[PDB]
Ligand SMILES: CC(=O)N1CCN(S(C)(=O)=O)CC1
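Next up: a single chain in structure tokens, the form deposited without this ligand.
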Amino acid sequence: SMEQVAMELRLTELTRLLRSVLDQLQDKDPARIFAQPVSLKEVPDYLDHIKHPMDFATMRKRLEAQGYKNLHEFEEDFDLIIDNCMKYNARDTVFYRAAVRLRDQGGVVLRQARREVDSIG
């Protein structure tokens, strides 16, 4: 139907917007601590600690499959990155400190993306 196509064009435009947001969020991780999933070869117990792992490549795969219906779903995944890291790693580590910074720097980017999604419908 024509209704299904219009739905599809909106999903494609959301996807376009989220891709730019993702690139902006990932620039706030210049050390690439969150680029890829935590390695299970190198941290074999990781799943006993973290029940829902997340990373920027896994978010990128979901994105390009148009797997995000709205900004809320995308934000849940971003927040998992941060939140997983702050549980698994102690406060006086480079990893925890980098999550704190990605969180603080991301919130600006996310504050405006919420307005653009609401605005552009």
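All residue numbers are counted from 1 along the displayed sequence.
The next section is about a form of this same protein that is not shown, the form deposited with this ligand bound.
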Partner proximity in the entry with it bound: residue 68 to this ligand, non-hydrogen atom cutoff 4.5 Å: no
Any non-hydrogen atom of residue 43 within 4.5 angstroms of this ligand in the entry with it bound: yes
Touches this ligand in the entry with it bound: residue 59 (any heavy atom, 4.5 Å): no
Partner proximity in the entry with it bound: residue 63 to this ligand, non-hydrogen atom cutoff 4.5 Å: no
